[PDB]
Structures are given as C-alpha cells and as structure tokens.
file data-v8.cif (mmCIF, C-alpha atoms and all ligand atoms)
data_data
#
loop_
_atom_site.group_PDB
_atom_site.id
_atom_site.type_symbol
_atom_site.label_atom_id
_atom_site.label_comp_id
_atom_site.auth_asym_id
_atom_site.auth_seq_id
_atom_site.Cartn_x
_atom_site.Cartn_y
_atom_site.Cartn_z
ATOM 1 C CA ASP I 2 44.394 -48.488 -74.823
ATOM 2 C CA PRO I 3 43.098 -50.421 -77.893
ATOM 3 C CA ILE I 4 39.745 -50.897 -76.044
ATOM 4 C CA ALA I 5 38.385 -47.563 -74.798
ATOM 5 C CA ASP I 6 35.396 -48.840 -72.787
ATOM 6 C CA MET I 7 37.853 -50.262 -70.252
ATOM 7 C CA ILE I 8 38.613 -46.844 -68.683
ATOM 8 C CA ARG I 18 30.219 -40.927 -52.738
ATOM 9 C CA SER I 19 27.780 -39.041 -50.394
ATOM 10 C CA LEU I 20 26.486 -35.461 -50.975
ATOM 11 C CA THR I 21 25.965 -34.883 -47.209
ATOM 12 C CA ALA I 22 28.175 -34.812 -44.083
ATOM 13 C CA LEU I 23 28.691 -33.987 -40.375
ATOM 14 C CA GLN I 24 28.425 -30.765 -38.381
ATOM 15 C CA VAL I 25 28.729 -30.062 -34.676
ATOM 16 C CA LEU I 26 25.532 -28.572 -33.232
ATOM 17 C CA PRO I 27 25.927 -28.079 -29.435
ATOM 18 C CA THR I 28 22.852 -25.886 -29.356
ATOM 19 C CA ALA I 29 19.477 -25.554 -30.986
ATOM 20 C CA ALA I 30 19.321 -23.269 -33.984
ATOM 21 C CA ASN I 31 18.785 -19.549 -33.339
ATOM 22 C CA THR I 32 15.886 -17.541 -34.676
ATOM 23 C CA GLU I 33 16.743 -14.571 -36.844
ATOM 24 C CA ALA I 34 14.374 -11.631 -36.855
ATOM 25 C CA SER I 35 12.254 -11.369 -40.012
ATOM 26 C CA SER I 36 9.719 -8.944 -41.422
ATOM 27 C CA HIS I 37 6.899 -9.120 -43.961
ATOM 28 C CA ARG I 38 7.546 -10.530 -47.416
ATOM 29 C CA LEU I 39 4.979 -9.794 -50.136
ATOM 30 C CA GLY I 40 5.710 -11.077 -53.627
ATOM 31 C CA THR I 41 5.424 -13.485 -56.522
ATOM 32 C CA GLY I 42 7.801 -16.312 -57.475
ATOM 33 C CA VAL I 43 9.022 -17.119 -53.956
ATOM 34 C CA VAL I 44 6.820 -19.541 -52.101
ATOM 35 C CA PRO I 45 8.553 -21.380 -49.150
ATOM 36 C CA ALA I 46 5.285 -22.499 -47.536
ATOM 37 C CA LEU I 47 4.453 -24.728 -50.528
ATOM 38 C CA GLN I 48 6.041 -28.190 -50.514
ATOM 39 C CA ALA I 49 5.963 -31.528 -52.331
ATOM 40 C CA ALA I 50 6.059 -34.360 -49.834
ATOM 41 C CA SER M 10 14.143 19.959 -5.294
ATOM 42 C CA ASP M 11 13.399 16.456 -4.083
ATOM 43 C CA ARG M 12 10.012 17.288 -2.624
ATOM 44 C CA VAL M 13 8.667 18.491 -5.981
ATOM 45 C CA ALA M 14 8.252 16.197 -8.980
ATOM 46 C CA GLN M 15 6.606 15.545 -12.318
ATOM 47 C CA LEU M 16 5.928 12.238 -14.057
ATOM 48 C CA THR M 17 5.083 12.353 -17.716
ATOM 49 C CA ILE M 18 4.487 9.265 -19.777
ATOM 50 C CA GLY M 19 2.180 8.760 -22.711
ATOM 51 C CA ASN M 20 -0.539 11.423 -22.793
ATOM 52 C CA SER M 21 -0.472 11.703 -19.010
ATOM 53 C CA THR M 22 1.324 13.836 -16.432
ATOM 54 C CA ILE M 23 1.380 13.643 -12.634
ATOM 55 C CA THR M 24 2.589 16.471 -10.356
ATOM 56 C CA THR M 25 3.326 16.564 -6.629
ATOM 57 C CA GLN M 26 4.659 19.318 -4.397
ATOM 58 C CA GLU M 27 5.238 17.061 -1.374
ATOM 59 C CA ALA M 28 7.175 14.017 -2.523
ATOM 60 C CA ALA M 29 9.847 12.063 -0.701
ATOM 61 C CA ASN M 30 12.026 10.912 -3.558
ATOM 62 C CA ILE M 31 11.308 7.969 -5.846
ATOM 63 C CA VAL M 32 12.127 4.325 -5.383
ATOM 64 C CA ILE M 33 13.532 2.114 -8.110
ATOM 65 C CA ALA M 34 12.773 -1.419 -6.971
ATOM 66 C CA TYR M 35 15.937 -3.470 -6.410
ATOM 67 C CA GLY M 36 17.783 -0.733 -8.221
ATOM 68 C CA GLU M 37 16.585 -1.732 -11.699
ATOM 69 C CA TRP M 38 14.691 0.121 -14.376
ATOM 70 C CA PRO M 39 12.182 -1.810 -16.399
ATOM 71 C CA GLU M 40 13.372 -2.876 -19.866
ATOM 72 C CA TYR M 41 12.075 -4.875 -22.837
ATOM 73 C CA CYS M 42 13.062 -8.506 -22.939
ATOM 74 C CA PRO M 43 16.504 -9.004 -24.606
ATOM 75 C CA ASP M 44 17.163 -11.677 -27.221
ATOM 76 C CA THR M 45 19.435 -13.740 -24.938
ATOM 77 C CA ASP M 46 16.736 -14.289 -22.342
ATOM 78 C CA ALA M 47 13.766 -14.563 -24.678
ATOM 79 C CA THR M 48 12.450 -17.944 -25.802
ATOM 80 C CA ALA M 49 9.174 -17.314 -27.711
ATOM 81 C CA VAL M 50 9.988 -16.822 -31.394
ATOM 82 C CA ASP M 51 7.239 -14.538 -32.615
ATOM 83 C CA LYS M 52 7.948 -10.829 -33.055
ATOM 84 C CA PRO M 53 6.149 -9.110 -30.187
ATOM 85 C CA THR M 54 3.971 -5.996 -30.355
ATOM 86 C CA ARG M 55 5.182 -3.041 -28.270
ATOM 87 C CA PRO M 56 2.209 -0.562 -28.462
ATOM 88 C CA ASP M 57 4.202 2.112 -26.615
ATOM 89 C CA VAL M 58 2.124 5.221 -25.741
ATOM 90 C CA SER M 59 -1.292 3.549 -25.981
ATOM 91 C CA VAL M 60 -0.386 1.305 -23.023
ATOM 92 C CA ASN M 61 2.597 2.844 -21.242
ATOM 93 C CA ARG M 62 0.645 5.694 -19.650
ATOM 94 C CA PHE M 63 -1.010 6.468 -16.313
ATOM 95 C CA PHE M 64 -4.304 4.837 -15.350
ATOM 96 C CA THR M 65 -6.151 5.955 -12.210
ATOM 97 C CA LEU M 66 -8.190 3.227 -10.414
ATOM 98 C CA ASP M 67 -11.058 3.538 -7.955
ATOM 99 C CA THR M 68 -10.373 5.590 -4.842
ATOM 100 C CA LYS M 69 -10.527 4.207 -1.300
ATOM 101 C CA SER M 70 -11.473 6.070 1.892
ATOM 102 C CA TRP M 71 -9.146 6.052 4.870
ATOM 103 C CA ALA M 72 -10.885 5.799 8.226
ATOM 104 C CA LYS M 73 -9.598 5.855 11.787
ATOM 105 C CA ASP M 74 -10.195 2.087 11.752
ATOM 106 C CA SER M 75 -9.131 0.962 8.258
ATOM 107 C CA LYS M 76 -7.158 -2.323 8.097
ATOM 108 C CA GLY M 77 -5.435 -1.784 4.752
ATOM 109 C CA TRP M 78 -5.780 -2.689 1.087
ATOM 110 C CA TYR M 79 -3.968 -4.509 -1.702
ATOM 111 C CA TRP M 80 -4.055 -4.837 -5.492
ATOM 112 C CA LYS M 81 -2.510 -7.430 -7.774
ATOM 113 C CA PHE M 82 -0.530 -6.792 -10.966
ATOM 114 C CA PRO M 83 -1.278 -7.019 -13.789
ATOM 115 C CA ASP M 84 -4.813 -7.955 -12.659
ATOM 116 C CA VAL M 85 -5.800 -4.323 -11.948
ATOM 117 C CA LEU M 86 -5.493 -3.422 -15.607
ATOM 118 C CA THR M 87 -6.556 -6.545 -17.465
ATOM 119 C CA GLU M 88 -9.799 -4.787 -18.354
ATOM 120 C CA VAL M 89 -8.765 -1.180 -18.745
ATOM 121 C CA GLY M 90 -8.059 0.695 -21.942
ATOM 122 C CA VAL M 91 -5.767 -0.551 -24.662
ATOM 123 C CA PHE M 92 -3.538 -2.264 -22.151
ATOM 124 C CA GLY M 93 -6.293 -4.621 -21.067
ATOM 125 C CA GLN M 94 -7.285 -5.317 -24.627
ATOM 126 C CA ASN M 95 -3.695 -6.332 -25.470
ATOM 127 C CA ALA M 96 -3.520 -8.482 -22.342
ATOM 128 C CA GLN M 97 -6.673 -10.306 -23.432
ATOM 129 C CA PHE M 98 -5.724 -10.869 -27.063
ATOM 130 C CA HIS M 99 -2.271 -12.230 -26.241
ATOM 131 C CA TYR M 100 -1.106 -15.312 -24.404
ATOM 132 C CA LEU M 101 2.168 -13.656 -23.425
ATOM 133 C CA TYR M 102 2.713 -10.395 -21.588
ATOM 134 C CA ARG M 103 5.536 -8.605 -19.851
ATOM 135 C CA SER M 104 6.042 -5.120 -18.431
ATOM 136 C CA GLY M 105 7.221 -2.992 -15.572
ATOM 137 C CA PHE M 106 5.270 -0.423 -13.607
ATOM 138 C CA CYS M 107 5.355 3.013 -12.153
ATOM 139 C CA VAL M 108 3.166 3.084 -9.087
ATOM 140 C CA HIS M 109 1.993 6.403 -7.685
ATOM 141 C CA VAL M 110 -0.169 6.335 -4.550
ATOM 142 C CA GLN M 111 -1.803 9.610 -3.529
ATOM 143 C CA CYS M 112 -3.120 10.853 -0.178
ATOM 144 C CA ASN M 113 -3.143 14.415 1.104
ATOM 145 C CA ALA M 114 -4.554 15.766 4.356
ATOM 146 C CA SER M 115 -3.827 18.961 6.324
ATOM 147 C CA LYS M 116 -1.037 20.108 8.608
ATOM 148 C CA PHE M 117 -3.406 19.177 11.453
ATOM 149 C CA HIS M 118 -4.061 15.533 10.522
ATOM 150 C CA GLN M 119 -1.711 12.652 11.282
ATOM 151 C CA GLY M 120 -1.081 9.086 10.253
ATOM 152 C CA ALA M 121 1.264 6.956 8.205
ATOM 153 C CA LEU M 122 0.652 4.519 5.376
ATOM 154 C CA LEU M 123 3.298 1.976 4.404
ATOM 155 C CA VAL M 124 3.269 1.565 0.609
ATOM 156 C CA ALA M 125 4.989 -1.611 -0.546
ATOM 157 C CA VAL M 126 5.424 -3.931 -3.461
ATOM 158 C CA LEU M 127 5.535 -7.638 -2.656
ATOM 159 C CA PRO M 128 6.532 -9.975 -5.493
ATOM 160 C CA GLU M 129 4.477 -13.160 -5.773
ATOM 161 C CA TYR M 130 1.949 -12.116 -3.111
ATOM 162 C CA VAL M 131 0.323 -15.477 -2.403
ATOM 163 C CA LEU M 132 -2.565 -15.283 0.053
ATOM 164 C CA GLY M 133 -3.628 -17.752 2.697
ATOM 165 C CA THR M 134 -6.855 -18.389 4.605
ATOM 166 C CA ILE M 135 -7.387 -18.493 8.358
ATOM 167 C CA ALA M 136 -7.940 -22.258 7.927
ATOM 168 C CA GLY M 137 -11.413 -22.331 9.455
ATOM 169 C CA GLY M 138 -10.048 -20.619 12.581
ATOM 170 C CA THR M 139 -9.042 -23.859 14.299
ATOM 171 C CA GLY M 140 -6.643 -24.719 11.489
ATOM 172 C CA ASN M 141 -8.208 -28.082 10.657
ATOM 173 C CA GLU M 142 -9.841 -26.869 7.485
ATOM 174 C CA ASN M 143 -7.649 -26.620 4.373
ATOM 175 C CA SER M 144 -9.639 -23.764 2.805
ATOM 176 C CA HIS M 145 -8.376 -21.545 -0.030
ATOM 177 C CA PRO M 146 -8.973 -18.009 -1.203
ATOM 178 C CA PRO M 147 -11.632 -17.592 -3.929
ATOM 179 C CA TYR M 148 -10.761 -15.987 -7.293
ATOM 180 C CA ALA M 149 -12.256 -12.691 -6.088
ATOM 181 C CA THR M 150 -9.729 -12.565 -3.280
ATOM 182 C CA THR M 151 -6.599 -13.594 -5.181
ATOM 183 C CA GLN M 152 -7.439 -11.374 -8.178
ATOM 184 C CA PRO M 153 -9.707 -8.574 -6.807
ATOM 185 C CA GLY M 154 -9.574 -6.627 -10.058
ATOM 186 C CA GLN M 155 -9.214 -2.843 -10.178
ATOM 187 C CA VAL M 156 -11.138 -2.311 -6.958
ATOM 188 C CA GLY M 157 -8.564 -4.078 -4.886
ATOM 189 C CA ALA M 158 -9.358 -5.886 -1.652
ATOM 190 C CA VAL M 159 -9.189 -5.417 2.110
ATOM 191 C CA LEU M 160 -6.757 -7.135 4.465
ATOM 192 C CA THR M 161 -8.481 -9.020 7.269
ATOM 193 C CA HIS M 162 -5.300 -9.549 9.283
ATOM 194 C CA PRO M 163 -2.748 -6.930 8.223
ATOM 195 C CA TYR M 164 -0.351 -7.944 11.029
ATOM 196 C CA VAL M 165 0.377 -11.182 9.120
ATOM 197 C CA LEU M 166 -0.494 -9.807 5.664
ATOM 198 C CA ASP M 167 -3.201 -12.477 5.315
ATOM 199 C CA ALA M 168 -0.312 -14.846 4.564
ATOM 200 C CA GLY M 169 1.347 -15.890 7.788
ATOM 201 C CA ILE M 170 4.199 -13.399 7.459
ATOM 202 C CA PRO M 171 5.025 -10.319 9.595
ATOM 203 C CA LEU M 172 4.020 -6.884 8.402
ATOM 204 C CA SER M 173 6.893 -5.679 10.606
ATOM 205 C CA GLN M 174 9.341 -6.972 7.966
ATOM 206 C CA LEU M 175 7.581 -5.800 4.804
ATOM 207 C CA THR M 176 10.115 -2.927 4.536
ATOM 208 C CA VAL M 177 12.550 -5.480 3.238
ATOM 209 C CA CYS M 178 10.591 -4.927 0.002
ATOM 210 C CA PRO M 179 10.618 -1.842 -2.225
ATOM 211 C CA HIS M 180 8.567 0.749 -0.392
ATOM 212 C CA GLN M 181 7.927 4.276 0.776
ATOM 213 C CA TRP M 182 5.761 5.715 3.513
ATOM 214 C CA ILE M 183 3.145 8.393 3.220
ATOM 215 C CA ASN M 184 3.529 10.157 6.574
ATOM 216 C CA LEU M 185 0.935 12.942 6.483
ATOM 217 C CA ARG M 186 3.161 15.522 8.188
ATOM 218 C CA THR M 187 5.853 14.918 5.560
ATOM 219 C CA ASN M 188 4.589 13.914 2.120
ATOM 220 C CA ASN M 189 1.419 13.181 0.216
ATOM 221 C CA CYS M 190 2.460 10.435 -2.175
ATOM 222 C CA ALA M 191 4.631 7.444 -2.773
ATOM 223 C CA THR M 192 6.280 6.507 -6.028
ATOM 224 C CA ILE M 193 7.823 3.152 -6.842
ATOM 225 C CA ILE M 194 9.201 2.009 -10.175
ATOM 226 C CA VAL M 195 9.006 -1.727 -10.610
ATOM 227 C CA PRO M 196 10.898 -3.875 -13.136
ATOM 228 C CA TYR M 197 9.558 -7.192 -14.486
ATOM 229 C CA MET M 198 10.311 -10.014 -12.035
ATOM 230 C CA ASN M 199 9.528 -13.662 -12.842
ATOM 231 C CA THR M 200 11.204 -17.024 -13.506
ATOM 232 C CA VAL M 201 10.161 -16.798 -17.139
ATOM 233 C CA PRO M 202 10.738 -13.989 -19.693
ATOM 234 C CA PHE M 203 7.013 -13.520 -20.548
ATOM 235 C CA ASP M 204 3.882 -14.862 -18.899
ATOM 236 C CA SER M 205 0.106 -14.827 -18.838
ATOM 237 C CA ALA M 206 -1.384 -11.563 -17.605
ATOM 238 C CA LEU M 207 -4.445 -13.552 -16.556
ATOM 239 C CA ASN M 208 -3.152 -16.582 -14.693
ATOM 240 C CA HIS M 209 -0.182 -15.054 -12.931
ATOM 241 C CA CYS M 210 0.103 -11.896 -10.859
ATOM 242 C CA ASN M 211 3.731 -10.808 -10.663
ATOM 243 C CA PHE M 212 3.393 -8.715 -7.556
ATOM 244 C CA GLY M 213 1.013 -7.102 -5.152
ATOM 245 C CA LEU M 214 0.771 -3.498 -4.010
ATOM 246 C CA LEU M 215 -0.016 -3.138 -0.310
ATOM 247 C CA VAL M 216 -1.147 0.103 1.347
ATOM 248 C CA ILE M 217 -1.403 -0.348 5.097
ATOM 249 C CA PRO M 218 -2.009 2.258 7.747
ATOM 250 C CA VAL M 219 0.665 1.365 10.293
ATOM 251 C CA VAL M 220 0.134 4.602 12.233
ATOM 252 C CA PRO M 221 -3.654 5.192 12.262
ATOM 253 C CA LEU M 222 -5.314 8.291 10.893
ATOM 254 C CA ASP M 223 -6.361 10.821 13.496
ATOM 255 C CA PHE M 224 -7.647 14.377 13.687
ATOM 256 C CA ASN M 225 -9.745 16.614 15.902
ATOM 257 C CA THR M 226 -13.414 16.625 15.087
ATOM 258 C CA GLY M 227 -14.293 19.538 12.870
ATOM 259 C CA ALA M 228 -11.443 18.808 10.490
ATOM 260 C CA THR M 229 -12.209 17.227 7.103
ATOM 261 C CA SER M 230 -12.929 13.537 7.730
ATOM 262 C CA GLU M 231 -13.023 12.225 4.142
ATOM 263 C CA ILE M 232 -9.356 11.441 3.500
ATOM 264 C CA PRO M 233 -9.155 9.391 0.290
ATOM 265 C CA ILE M 234 -6.305 7.351 -1.078
ATOM 266 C CA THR M 235 -5.861 7.113 -4.821
ATOM 267 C CA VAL M 236 -3.792 4.728 -6.877
ATOM 268 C CA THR M 237 -2.454 5.689 -10.290
ATOM 269 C CA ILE M 238 -0.250 3.199 -12.151
ATOM 270 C CA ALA M 239 1.539 3.105 -15.476
ATOM 271 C CA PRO M 240 2.810 0.064 -17.299
ATOM 272 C CA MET M 241 6.354 0.567 -18.583
ATOM 273 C CA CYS M 242 7.888 -1.259 -21.540
ATOM 274 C CA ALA M 243 4.742 -3.297 -22.059
ATOM 275 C CA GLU M 244 5.386 -6.088 -24.598
ATOM 276 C CA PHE M 245 2.955 -8.774 -25.841
ATOM 277 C CA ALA M 246 3.172 -12.001 -27.845
ATOM 278 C CA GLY M 247 1.251 -15.109 -28.861
ATOM 279 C CA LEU M 248 -1.601 -13.336 -30.607
ATOM 280 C CA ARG M 249 -4.977 -15.081 -30.964
ATOM 281 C CA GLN M 250 -8.596 -14.218 -30.049
ATOM 282 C CA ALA M 251 -9.456 -12.336 -26.869
ATOM 283 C CA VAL M 252 -9.702 -14.263 -23.588
ATOM 284 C CA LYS M 253 -10.892 -12.746 -20.295
ATOM 285 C CA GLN M 254 -9.681 -15.637 -18.125
HETATM 286 CL CL CL L 301 -4.278 -7.864 12.315
HETATM 287 K K K L 302 22.574 -21.488 -31.174
HETATM 288 NA NA NA L 303 9.243 -24.337 -51.135
#
call {"tool": "encode", "arguments": {"input": "data-v8.cif", "output": "structure tokens"}}
result
Amino acid sequence: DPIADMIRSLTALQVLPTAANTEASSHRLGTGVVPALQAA
Amino acid sequence: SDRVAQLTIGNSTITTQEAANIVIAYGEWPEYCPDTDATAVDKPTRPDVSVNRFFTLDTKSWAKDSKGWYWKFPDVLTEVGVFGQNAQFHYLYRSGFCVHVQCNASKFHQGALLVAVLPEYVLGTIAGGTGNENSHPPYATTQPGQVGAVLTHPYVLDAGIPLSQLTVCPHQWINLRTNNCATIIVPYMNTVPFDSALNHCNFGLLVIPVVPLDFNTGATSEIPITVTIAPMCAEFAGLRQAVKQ
C-alpha cells in the first residue's frame, strides 16, 4: 500500500479426426490482398 | 414406339426406325463426380457440348467369315476433336458414354451380332501356342485406336474367358431380321474417381457375329457396321501441356 511497485499460451488444442476439406474457390483479381507472398 | 428412336446430344442427332430399346449399363446413368467421392482439389473443366456429342469412327465390313472386332475406351477418342485435345492436355479424365452401333441389311439377309461392353477388358496372348512362352500383347493390340482391332479367338475373347457368358455384361444384339442398331449407355466405372485417358482403358466394346452373316448370291454383299459414340458428362483435371502417351 505505501509502496506501489509491489503490486500464458496464445494457442490450444482441437480435435481433427479428418484432413481438412477443400472449399470451392473462384478467381480473385485485386490489389492489397496478397496471400501468396510470405516472410519466412 | 420402342422400335423408333432419336438421340440428340451436342450438335448431333441419331435416328433409327428399327431399334430394340436402349440399355442403361448396370442401371446407372452417367454423372459428374460428386464432392464426397472426389479427391483431386483443382476445379475441373466440363466443356459440355464441345465434347459430349456423337463421334463416328471408321466403318468395318461384315463378311460371311468375320471373327469380330473390339475397341477400347477412351482410347478410340484420344485423338479426335475437342475431346481428344482435352484428354491430352489433362492428367485426369472421367466420363460416361453412349454407344450406338449401326448395321442394316435387307429382309432377305440374316445374322446376329452380339454388342457388349466389358469393363477392364484385359487381353491375353496365345502364349506361343504351346504355352511355354510368356508373351504379351503389343501397344497396338491393347490400345488399337479408333480403328479398333480384330479378335483372333472370339470363342475365348482373346482372354481365356467364354464368349458364351459375355451376356452377363451390358449388351444388346443386332439380329438382322429384328433391328438395325444397338444402344448402350455406360456410366463411369473405376476404382478411382478420375484417371488417365491414356494409360487406362475403362472398358472395351465388343461386336461379335455369333450367328454368321448369310444371304443368297445376288443380294448386296457389302454389309458394313458403324460405330458412333458420345462421351457423357466428360470432366477433366490436372491441366498441363499436351501429352499423346
Ligand atoms: Cl475362336
Ligand atoms: K474433414
Ligand atoms: Na500473406
């Protein structure tokens, strides 16, 4: 009280019995979005 | 009203005034591959009318001594029209077929062709006659192209199996005194959802004269047999450059 200075994991488990599905997608043509580019 | 018929698909139409119904192989209509069964993830191309239409191949001549012929699918069309082009440019292919075999004569001729579809028609050799030689059929025999090939031993279908039992497969007969064509609709059959149109022939079409052609001399002797086929629900995937084999 008379001395103020005297006062985790962002990822967890899921159940995945099967491989991920593939959702149908179409063409995407635009600026700003660029999922193919990465920074290893 | 069962003897008359018309088949229209794509920019092509077939007519017949002496049919004997139509066979739907194993009772199933061809259909595009459903998402539950599919495995390849790329969106396929389904050209529709440019490939699901009737193609007429080279005609054969039926003689009093013919042994019989056969064609392999999809081999017959790998180099015809837009269908062939798609089969060459893609790794994966899948489709069904409408097979229409034609042969007309006169009310004075006689004979009977058995028209059948045999899935996975694997051929064998006569093993050097004695059976001590483990020979194999050459490409030209297993995949004869659009010209088809001739059976050397129809009785055993060049494969050690009895012609007498071929009727256990989807078929029709062209009995000259009754009809002049056979029509069979074939659905895709394989252990995989799509496959190579070049390396694997899904089925073979056999046309064998079980009751030999005959007629009195003076009657027309050139009695041809013509095969017209149409891919149905043709789908392709795994696009890349064109490959012929
Ligand atoms: Cl024989
Ligand atoms: K899943
Ligand atoms: Na990104």
call {"tool": "resolve_selection", "arguments": {"input": "data-v8.cif", "expression": "the PyMOL selection byres ((chain I) within 12 of (chain M))", "output": "PyMOL selection string"}}
result
chain I and resi 29-37
call {"tool": "closest_residue", "arguments": {"input": "data-v8.cif", "among": "M:232, M:132, M:29, M:42", "to": "residue 160 in chain M", "atoms": "all atoms listed in the file"}}
result
M:132
call {"tool": "resolve_selection", "arguments": {"input": "data-v8.cif", "expression": "the PyMOL selection byres (((chain M and resi 103) around 12) and not hetatm)", "output": "PyMOL selection string"}}
result
chain M and resi 39-43+47+53-55+60-61+82-83+92+95-96+99-102+104-106+196-207+209-211+240-247
call {"tool": "axis_aligned_box", "arguments": {"input": "data-v8.cif", "around": "range 41-50 of chain I", "padding_each_side": "8 Å", "output": "JSON"}}
result
{"center_x": 6.7, "center_y": -23.9, "center_z": -52.5, "size_x": 20.6, "size_y": 36.9, "size_z": 25.9}
call {"tool": "residues_near_ligand", "arguments": {"input": "data-v8.cif", "ligand": "ligand NA 303 (chain L)", "cutoff": "7 Å", "atoms": "all atoms listed in the file", "output": "list in words"}}
result
residues 44, 45, 46, 47 and 48 of chain I
call {"tool": "build_atoms", "arguments": {"input": "data-v8.cif", "residues": "range 20-40 of chain I", "atoms": "N, CA and C atoms", "output": "compact mmCIF listing (two decimals), keeping the file's coordinate frame"}}
result
# COMPACT_ATOMS: atom_id res chain seq x y z
N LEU I 20 26.63 -36.92 -50.92
CA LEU I 20 26.49 -35.46 -50.98
C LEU I 20 26.08 -34.78 -49.65
N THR I 21 26.28 -35.46 -48.52
CA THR I 21 25.96 -34.88 -47.21
C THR I 21 26.86 -35.42 -46.08
N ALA I 22 27.30 -34.49 -45.21
CA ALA I 22 28.18 -34.81 -44.08
C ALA I 22 27.90 -34.11 -42.73
N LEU I 23 28.77 -34.43 -41.77
CA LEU I 23 28.69 -33.99 -40.38
C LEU I 23 29.03 -32.59 -39.90
N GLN I 24 28.22 -32.09 -38.97
CA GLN I 24 28.42 -30.76 -38.38
C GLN I 24 28.25 -30.93 -36.89
N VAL I 25 28.86 -30.03 -36.13
CA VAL I 25 28.73 -30.06 -34.68
C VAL I 25 27.70 -29.01 -34.29
N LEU I 26 26.62 -29.45 -33.65
CA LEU I 26 25.53 -28.57 -33.23
C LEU I 26 25.25 -28.77 -31.75
N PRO I 27 26.00 -28.06 -30.90
CA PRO I 27 25.93 -28.08 -29.44
C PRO I 27 24.65 -27.45 -28.92
N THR I 28 24.08 -26.57 -29.73
CA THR I 28 22.85 -25.89 -29.36
C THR I 28 21.82 -25.84 -30.46
N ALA I 29 20.58 -25.65 -30.05
CA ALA I 29 19.48 -25.55 -30.99
C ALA I 29 19.72 -24.32 -31.85
N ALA I 30 19.19 -24.37 -33.06
CA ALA I 30 19.32 -23.27 -33.98
C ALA I 30 18.72 -22.00 -33.41
N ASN I 31 19.30 -20.83 -33.79
CA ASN I 31 18.78 -19.55 -33.34
C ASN I 31 17.65 -19.13 -34.25
N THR I 32 16.95 -18.06 -33.87
CA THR I 32 15.89 -17.54 -34.68
C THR I 32 16.31 -16.14 -35.06
N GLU I 33 16.37 -15.90 -36.37
CA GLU I 33 16.74 -14.57 -36.84
C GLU I 33 15.46 -13.77 -36.99
N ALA I 34 15.55 -12.47 -36.74
CA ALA I 34 14.37 -11.63 -36.85
C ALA I 34 13.99 -11.52 -38.33
N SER I 35 12.69 -11.50 -38.63
CA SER I 35 12.25 -11.37 -40.01
C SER I 35 11.08 -10.40 -40.08
N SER I 36 10.83 -9.87 -41.27
CA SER I 36 9.72 -8.94 -41.42
C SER I 36 8.74 -9.50 -42.46
N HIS I 37 7.85 -8.65 -42.96
CA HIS I 37 6.90 -9.12 -43.96
C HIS I 37 7.53 -9.25 -45.33
N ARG I 38 7.07 -10.25 -46.07
CA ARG I 38 7.55 -10.53 -47.42
C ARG I 38 6.28 -10.64 -48.27
N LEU I 39 6.14 -9.76 -49.26
CA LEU I 39 4.98 -9.79 -50.14
C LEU I 39 5.42 -9.85 -51.59
N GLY I 40 5.31 -11.01 -52.23
CA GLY I 40 5.71 -11.08 -53.63
C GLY I 40 5.43 -12.37 -54.36
